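Here the structure is laid out as structure tokens; the discussion comes afterwards.
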Amino acid sequence: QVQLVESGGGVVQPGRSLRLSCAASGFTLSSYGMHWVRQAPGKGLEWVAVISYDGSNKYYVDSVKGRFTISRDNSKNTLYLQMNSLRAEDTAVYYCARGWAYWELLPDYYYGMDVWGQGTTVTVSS
Amino acid sequence: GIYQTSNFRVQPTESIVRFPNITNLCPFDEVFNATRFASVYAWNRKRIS
């Protein structure tokens, strides 16, 4: 069964670094694109970062570039999201999503977000 | 007397050619019977050997 299990989120003091953990079931993440989309109550859906299916290209929104970096290990099927030097705006319900694959050859600027996991919230609390 | 005068031989009539089967072939069905096709800009480039 296809599912995404997210863990490691929680209360983080500002300035402290936390590394998310996520596992995938029902497929191989090395063939599919994966999205990090935080959701905040009273706000709009926010996109943080993506990891390429082959891992060649990694892109970050201007509010997370260089400060939050994503890593993958496909041998164990795990994805680690790094949250360095937390700021208050990072308090949102973070989700992980899965996208299309090389199986259906698709043009550039890939499309995705067909399934996503239960999502884990990080709360930047003082 | 005796006179060595002529030379004779027997000539063939048909030909035969042989080759070690056709066991290996070039798989080209996946090109025509492709599940999905490539975009206009950029393309799959399949090298055959």
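Because the Cβ atoms are built from the backbone with ideal geometry, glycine has one as well, and the counts that use them run over all protein chains shown. We did not get these values from a lab; they are worked out from the coordinates using the rules stated.
In the stretch A:17-126, which strands (runs of 3 or more DSSP E) lie fully inside it and hold 1 or more residues that are free of Cβ contacts under 8 Å to residues at least 40 places away in the same chain and over 24 Å from residue B:41 (Cβ atoms)?
By residue number, A:21-25, A:46-51, A:58-60, A:70-73.
Could you count how many residues in chain B are of a type in the set (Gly, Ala, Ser) and more than 14 Å from every other protein chain (Cβ to nearest Cβ)? Give the steps one after another, and end with the answer.
So the first thing to find is which residues in chain B are of a type in the set (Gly, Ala, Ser), and the list is B:1, B:6, B:15, B:34, B:38-39, B:42, B:49.
With the extra rule that they be more than 14 Å from every other protein chain (Cβ to nearest Cβ), the set shrinks to B:1, B:6, B:15, B:49.
Count: 4.
Give me the pairs: first residue in the stretch B:22-42 and closer than 19 Å to residue A:103 by Cα, second residue surrounded by 10 or more Cβ atoms within 10 Å (Cβ to Cβ) and among the small types (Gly, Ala, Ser), beta-carbon distance under 7 Å, and six or more apart or on different chains, which are they?
none
If you go through the stretch A:100-114 one residue at a time, how many are more than 14 Å from chain B (Cβ to nearest Cβ) and either crowded, with 18+ Cβ neighbours inside 10 Å or closer than 17 Å to residue B:35 by Cβ (or both)?
The qualifying residues number 1.
Can you confirm whether the stretch A:83-96 contains a residue that is within 14 Å of chain B (Cβ to nearest Cβ) and surrounded by 15 or more Cβ atoms within 10 Å (Cβ to Cβ)?
no
Table: residues versus (1) hydrophobic (A, V, I, L, M, F, W, C); (2) on the phi > 0 side of the Ramachandran plot; (3) loosely packed, with under 10 Cβ neighbours inside 10 Å.
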| position | (1), (2), (3) |
| --- | --- |
| B:2 | yes, no, yes |
| B:8 | yes, no, yes |
| B:17 | yes, no, yes |
| B:21 | no, yes, yes |
| B:38 | yes, no, no |
| B:43 | yes, no, no |
| B:48 | yes, no, yes |
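Could you say whether any residue in the stretch A:5-12 is crowded, with 19+ Cβ neighbours inside 10 Å, touching a strand residue (DSSP E or B) at 6+ places or on another chain (Cβ under 7 Å) and closer than 15 Å to residue A:72 by Cα?
Yes, some residue in the stretch A:5-12 is crowded, with 19+ Cβ neighbours inside 10 Å, touching a strand residue (DSSP E or B) at 6+ places or on another chain (Cβ under 7 Å) and closer than 15 Å to residue A:72 by Cα.
Conditions tested, residue by residue: (1) closer than 23 Å to residue A:3 by Cα; (2) hydroxyl-bearing (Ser, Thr, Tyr).
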residue: A:46; (1), (2): yes, no
residue: A:65; (1), (2): no, no
residue: A:80; (1), (2): yes, yes
residue: A:88; (1), (2): no, no
residue: A:98; (1), (2): yes, no
residue: A:104; (1), (2): yes, no
residue: A:111; (1), (2): yes, yes
residue: A:115; (1), (2): yes, no
residue: A:123; (1), (2): no, yes
